[PDB]
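# A structural walkthrough
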Amino acid sequence: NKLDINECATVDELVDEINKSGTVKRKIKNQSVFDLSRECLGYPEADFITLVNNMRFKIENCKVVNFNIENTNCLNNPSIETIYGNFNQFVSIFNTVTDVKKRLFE
Amino acid sequence: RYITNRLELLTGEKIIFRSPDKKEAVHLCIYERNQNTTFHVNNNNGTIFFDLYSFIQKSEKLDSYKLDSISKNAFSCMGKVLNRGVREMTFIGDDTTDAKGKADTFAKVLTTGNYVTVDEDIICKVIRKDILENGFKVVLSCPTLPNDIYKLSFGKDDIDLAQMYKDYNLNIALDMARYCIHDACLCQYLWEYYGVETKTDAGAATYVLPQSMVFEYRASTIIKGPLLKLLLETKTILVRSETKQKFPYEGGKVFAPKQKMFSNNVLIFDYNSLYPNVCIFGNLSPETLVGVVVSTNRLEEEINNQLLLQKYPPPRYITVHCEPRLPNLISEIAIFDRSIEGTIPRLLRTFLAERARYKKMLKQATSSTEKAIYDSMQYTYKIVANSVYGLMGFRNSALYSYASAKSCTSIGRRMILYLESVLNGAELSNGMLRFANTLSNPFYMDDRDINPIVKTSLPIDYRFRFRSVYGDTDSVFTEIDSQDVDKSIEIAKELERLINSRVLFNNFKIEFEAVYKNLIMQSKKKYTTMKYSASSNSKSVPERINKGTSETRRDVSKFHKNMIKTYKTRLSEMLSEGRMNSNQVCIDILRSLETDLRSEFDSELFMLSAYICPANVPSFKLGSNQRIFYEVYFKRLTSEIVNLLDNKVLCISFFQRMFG
Amino acid sequence: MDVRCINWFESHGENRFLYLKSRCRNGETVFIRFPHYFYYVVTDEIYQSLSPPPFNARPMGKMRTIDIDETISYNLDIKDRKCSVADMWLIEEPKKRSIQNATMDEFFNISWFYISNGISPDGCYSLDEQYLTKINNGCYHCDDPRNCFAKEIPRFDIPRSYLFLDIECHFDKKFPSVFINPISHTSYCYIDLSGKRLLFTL
């Protein structure tokens, strides 16, 4: 949806559709996996950060495998819990965009 | 200024300087170089118009820059009374009576002296002078005293000039001639005492510059000589095509000890030029910096963080965590490439190298003209070296490099914590010395024999343990808790043998100075007792009097104190022992202070560097209303000195006693 | 003739000069006057393409120029700095010219004199005596500092002079003023070239 392309049921189909699209490739190139995988989910700009800066993580191959929040106060904010509950989707799309960005400028 | 201005005023003629070729003429007119300003003379015929005031303001870090105090502590010697008398005494000064030579200097300035100080505070007019073959005989108008050996410090000159100007007659004219001539001659005894005539040359060879610039400029202006000479061998040019931005930051952390005295005499291990050694180790430079990488949020740190280890691996690369620039993100890893010599490391290496040489050719010199040339040279290099750290931070210098500056203090302060950490080291059973826990090396694994247990030279078996220490950017106060007696020294020697030789990695090294006895750390390293007894303990005489010398400015009232001296001396003498006078210290000082306070609440000196209060609780002058400030300073005298005792019970107990 | 240097100084009239004040073996004192030039550093390209031709210029060799600006990187892709390399020329002129892209600016016209010429302000030099023309009694002019200051000898002792002074003024208020107070005393320690110390007061 976010990159104005056709539906791709699998990931390599995706990388192809991106690669043939010089504009979409060239508008990925300038970006970061983080900003992009949060823009594809519409978190506003900032309070996302008050969340992110409240948890610890687990990464290998530049790829999240685990995470856990340790300060619970921020969830008492309304605009915060809507982001928290909606997180595992963001993790997954993050791993995916990492992988496509790796294999594309591979 | 007075002389030339008065001359203009009375006769309308001027002071004129020609050139050597007689084709330019100028008039005297003082100008300034505002940096704490500094005044200079505008002459162009080759003369050097010096001024000692500026010179000792720059090169010396003293508490008062009044001629009296400098002439006081510079020229001094211990003298010995031959006969006492009424209202006058006779002193002699020579060889072994005190150290070699200062007797001669004392005799030299005594040639025009008038008033001396008797070992402290006791001014006396001179009665008889006698230039010995080797020392001096003097006869003073001082009252008779108990002891036989005394200090002899040359000058306070308590004279009331205004009054003498009121009743001008011939006699005081002939007296004030003798005062002004002596002042002028002091202004030469000092210039010989500092040897400025050879520093002005050492500074013209190293700091490539004329002889009359050497003391007129700041560090940023004098380093460019050796720097240019370096750039010209290494075929290098550094160009900053950007306009710099300033991100102000820490200057440095203040360290504060929490005990002095019962500690049982602290050692005094010293760093030999940390900052230049760090700038060599880490190979910091404005052009060996690969880059800084940052992160605005977690989950970017740990990505970047396992990344920059897979690439940029040690030891070819060193990476440092700094304090975040723009208060907004939270990373600032800086990376440096330790494969070719940076420019600042070359500079520092040569500086330390040549200072270390002239340190030797001085030890091998025999004539008296060389032992000045070499000593001035090593002093020069010392200065130039110690001026390079603070200059990397100066935004306007030529060594400016923000990241390098921030990486200094960082490597350095890791080094400090790593030393002070592993220093607890209860040694016993023929050598235990675990230090702190491990002898690891930060910044990477060096594979360098981490064995906390270690065997020393081990004179005999011991049971002496060390207490956690306090340290600083420059020093390390390891307080032996065993307290041998004075032989404990053999313990610091061998300690230097190992810590700064086995618990250390690169050019970081050994010093072992010594400040024994139970100091009183009333404040920063600047304020305490001196009590210094160096490594030559054989038949020792230490420097007892003072290290703080925050006892020089009043700016306050002057009636009801003076005890500060007596409180201080009591507290000092009470710690002659080390074990059981802790409680006795607190008990006696606070009881006696309460007794004094109450006695003269109900019935001369205030130095320690108008709103009126009632005293009805159980343009600033005094009255019969003394009962005001009895109450405050007595609370103070104990609230200030808290970093010596640990009887935290009676302290707040007397605090509460005086509450009502 | 073998001199030891005492002090160098400048003159900021319409015309620039550098003076060396020096003392010989026997104690007679000499002044030497060099001209004073503005220096610059140019790349070869700028050296030939420049007009009018400079007064003098001689090659420094082949130097590496480095950019050292500090730039915060974000991703990880660290790039590498522009370490160009070229041949350098050192250019001297009697007047002040502004030249675009002239590096090595941070240094004073006085260090360029001592470095590029092999002169140390402490040296004891045996001057080569044919380059020094009379101007006045104790004032010779030089034009080729290289050949003149070509030699060197070990250090030798000299005499020096001094004067240490002090005054005292009449005062009755806080602290005196030149319009109201005369000078009461004036003292002086005069040590001469012959080396006798004389004291006196007026």
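Residues numbered from 1 in each chain as written, not as in the entry; some residues may be left out. Chains lettered and ligands numbered in written order. Part of a larger assembly, values for the part shown. Heavy atoms only, no water. Residues with missing side-chain atoms left out of burial classes, pairs and counts.

- What the entry reports as its method is cryo-EM, with 3.5 Å given for the resolution.

- In the nomenclature of the PDB entry, chain C corresponds to DNA polymerase from the organism Monkeypox virus.

- Chain B is annotated in the PDB entry as DNA polymerase of Monkeypox virus.
- Note on chain B: under the UniProt heading Catalytic activity (unreviewed entry), the record states "DNA(n) + a 2'-deoxyribonucleoside 5'-triphosphate = DNA(n+1) + diphosphate".
- For chain B, the Sequence similarities (unreviewed entry) comment in UniProt is given as "Belongs to the DNA polymerase type-B family." (UniProt positions renumbered as here; feature names shortened; annotations may be inferred.)

## A look at the overall build of chain B
- Scanning chain B from terminus to terminus reveals 21 helices and 18 strands.
- In terms of its C-alpha atoms, chain B occupies a principal-axis envelope of roughly 90 × 80 × 60 Å. (Helix = DSSP H or I, 4+ residues; strand = E, 2+ residues; numbered from the N terminus.)

## Focus on the overall build of chain C
- Looking only at helices and strands, one finds 3 helices and 13 strands in chain C.
- Relative to its length of 202 residues, chain C is extended, with a C-alpha radius of gyration of 26 Å against a globular reference of 17 Å.
- In terms of overall dimensions, chain C has a C-alpha envelope of 75 × 55 × 35 Å along the principal axes.
- Restricting the contact set of chain C to residue pairs at least 6 apart, pairs at least 24 apart contribute 57%.
- Roughly 11,300 Å² of accessible area belongs to chain C as shown, and the carbon and sulfur atoms make up 52% of that amount.
- Considering chain C, the positive charge centre built from 24 side chains and the negative charge centre built from 27 side chains are found 4 Å apart. (Rg over C-alpha atoms; globule rule 2.2 N^0.38 Å. Contact = heavy atoms within 4.5 Å. Areas by Shrake-Rupley, 256 points an atom, 1.4 Å probe, with all protein chains shown as cover. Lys, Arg positive; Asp, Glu negative; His and termini not counted. Charge placed at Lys NZ, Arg CZ, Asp CG, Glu CD.)

## Structural notes on a negative patch on the surface
Residue and element names in this part refer to chain A.
- On the surface, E7, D12, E13 and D16 cluster together into a patch of negative charge.
- Inspection of the secondary structure puts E13 in helix α1 (residues 11-20).
- The exposure class of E13 is partly exposed, given its relative accessible area of 33%. (Patch = residues over 30% accessible without salt bridge, like charges linked within 9 Å, V, L, I, M, F, W, Y side chains within 5 Å. Salt bridge = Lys/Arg side-chain N within 4 Å of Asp/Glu carboxyl O. Buried < 20%, exposed > 50% of the residue type's maximum accessible area, 1.4 Å probe, protein only.)

## Focus: the side chain of B:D337
Residues and elements named next belong to chain B.
- By the secondary structure assignment, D337 is in strand β15 (residues 333-337).
- Within the structure, the side chain of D337 is placed 3.0 Å from the side chain of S339, a separation counted as a polar contact.
- When sequence neighbours within four positions are dropped, the list of residues in contact with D337 reads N283, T288, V290, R316 and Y317. (Polar contact = N/O pair within 3.5 Å; in protein donor to acceptor, adjacent residues only side chain to side chain.)

## Details of the sheet that holds strand β8 (residues 123-131) of chain B
- Strand order in the closed barrel formed by 6 strands is β5-β6-β9-β8-β7-β10 (chain B), with antiparallel pairing between adjacent strands. Taken over all neighbouring pairs, the strand axes of this sheet differ in orientation by 45° on average, direction set aside. (Pairing = 2+ DSSP bridges. Axes fitted to C-alpha atoms, helices over the stretch in contact; angles between N-to-C directions.)

## A short note on a nonpolar patch on the surface
- A contiguous nonpolar surface patch, about 690 Å² in accessible area, is contributed by B:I3, C:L163, C:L165, C:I183, C:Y190, C:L198, C:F200 and C:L202.
- Of all elements in the fold, only β11 (162-169), β12 (183-191) and β13 (197-201) of chain C reach the threshold of two or more residues within the nonpolar patch.
- With respect to the secondary-structure elements, C:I183 resides in strand β12.

## A few points about the nonpolar core
- Core analysis: the largest hydrophobic core is formed by 66 residues, its most contacted members being B:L399, C:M104 and C:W112.
- It is helix α17 (residues 489-502) of chain B that contributes the most residues to this core, 5 residues altogether.
- The contacts of C:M104, once residues within four sequence positions are left out, are B:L231, B:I237, C:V41, C:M63 and C:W112.
- If you look at the next biggest cluster of nonpolar residues, it comprises 36 residues, including B:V116, B:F136, B:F154 and B:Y194. (Core = buried A, V, L, I, M, F, W, Y, C linked by side-chain atoms within 4.5 Å.)

## Remarks on the interface of chain B and chain C
- On the side of chain C, 76 residues touch chain B, which itself brings 76 residues to the contact.
- Where chain B abuts chain C, roughly 6,900 Å² becomes buried across the two surfaces, and 62% of that area is made up of carbon and sulfur atoms.
- At the junction of chain B and chain C, the tally comes to 4 salt bridges.
- Summed over the shared surface of chain B and chain C, the number is 27 residue pairs in polar contact.
- Per-element accounting of the side of chain B that touches chain C gives the leading share, 13 residues, to helix α6 (residues 170-194) of chain B. (Buried area = accessible area lost by both parts, 1.4 Å probe.)

## Observations concerning unusual backbone geometry
- For the peptide bond that leads from B:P314 to B:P315, omega is -5°, which places it in the cis range.
- Following the sequence through the fold, B:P315 ends up in the loop between α11 (301-310) and β14 (317-321).
- Cis geometry marks the peptide bond from C:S51 to C:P52, where omega comes out at 0°.
- Relative to the assigned elements, C:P52 resides in the loop between α1 (44-48) and β5 (56-67).
- The backbone of B:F435 sits at a positive phi, close to 80°, despite the residue not being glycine.
- Overall, B:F435 belongs to the buried group, its relative accessible area being 3%.
- The phi dihedral of B:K517 is positive, around 65°, even though this residue is not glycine.
- With respect to the helices and strands, the residue B:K517 is situated in the loop between α17 and α18 (563-574).

## Concerning the packing of aromatic side chains
- For the coordinates displayed, the defined rule picks out 53 aromatic pairs over all chains.
- Here B:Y165 and C:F171 contribute two aromatic rings whose centre-to-centre distance is 6.0 Å and whose plane-to-plane angle is 65°, an arrangement assigned as edge-to-face. Of this pair, B:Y165 sits in helix α5 (residues 161-166) while C:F171 is found in the loop between β11 and β12, placing the two residues in two different chains. As far as burial versus exposure is concerned, B:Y165 and C:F171 are alike and both buried.
- Taken together, a centroid distance of 6.4 Å and an interplanar angle of 55° make the contact between C:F17 and C:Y19 tilted.
- Accessibility expressed as a relative area gives 13% for C:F17, which makes it buried.
- Taken together through their ring pairs, the aromatic side chains of B:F50, B:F55, B:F75, B:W191, B:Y193, B:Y194, B:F215, C:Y162 and C:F164 make up a single cluster.
- We note B:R357 situated over the ring of B:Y358; from NZ or CZ to the ring centre the distance is 5.3 Å. (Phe/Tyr/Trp six-rings, centres within 6.5 Å; stacked < 30°, edge-to-face > 60°. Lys NZ or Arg CZ within 6 Å of the ring centre and 35° of its normal.)

## Some remarks on the interface of chain B and chain A
- Of the residues lining the interface, 9 residues belong to chain B; the matching set on chain A comes to 13 residues.
- Surface buried jointly by chain B and chain A totals about 1,100 Å² across both partners, of which 62% is contributed by carbon and sulfur atoms.
- The three residues of chain B that bury the most area against chain A are B:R298, B:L299 and B:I303, which together make up 57% of that side's buried surface.
- Linking chain B with chain A are 0 salt bridges.
- Our count for the contact surface shared by chain B and chain A stands at 2 residue pairs in polar contact.
- Per-class residue counts for the side of chain B that touches chain A are 3 nonpolar, 3 polar and 3 charged. (Nonpolar A, V, L, I, M, F, W, Y, C, P; charged D, E, K, R; others polar.)

## A short note on the packing of helix α3 (residues 67-74) of chain B against α6(B)
Residues and elements named next belong to chain B.
- Across the interface, α3 lies against α6 with an axial gap of 11 Å and an inter-helix angle of 50°. On the basis of the axis angle, α3 is oblique to α6. In this structure, α3 meets α6 at a crossing whose hand is left-handed. Touching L67, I70, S71 and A74 of α3 are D183, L186, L190 and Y193, all from α6.
- Class assignment of the residues belonging to the contact of α3 with α6 gives a composition of 6 nonpolar, 1 polar and 1 charged. (Parallel < 35°, antiparallel > 145°, perpendicular 65-115°, else oblique. Left-handed = near helix turned anticlockwise from the far one by under 90°.)

## Points about the pairing of strand β10 (residues 149-153) of chain B
Residues and elements named next belong to chain B.
- The pairing of strand β5 (residues 76-81) with β10 spans 5 bridges and is antiparallel. By the bridge assignment, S76 is partnered in β10 with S153.
- Two strands pair when backbone bridges link them, and strand β7 (residues 115-118) and β10 are joined in this way by 2 bridges, in the antiparallel orientation. The partner of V118 across the bridge, within β10, is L152.

## Quick word on the environment of B:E479
All names here are of chain B.
- For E479, the position within the fold is in the loop between β18 (475-476) and α17.
- Along the backbone, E479 and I520 are 41 residues apart, and their C-alpha atoms lie at a distance of 13 Å.
- Apart from the residues within four sequence positions on either side, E479 is in contact with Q259, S263, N264, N265, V266, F466, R467 and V469.

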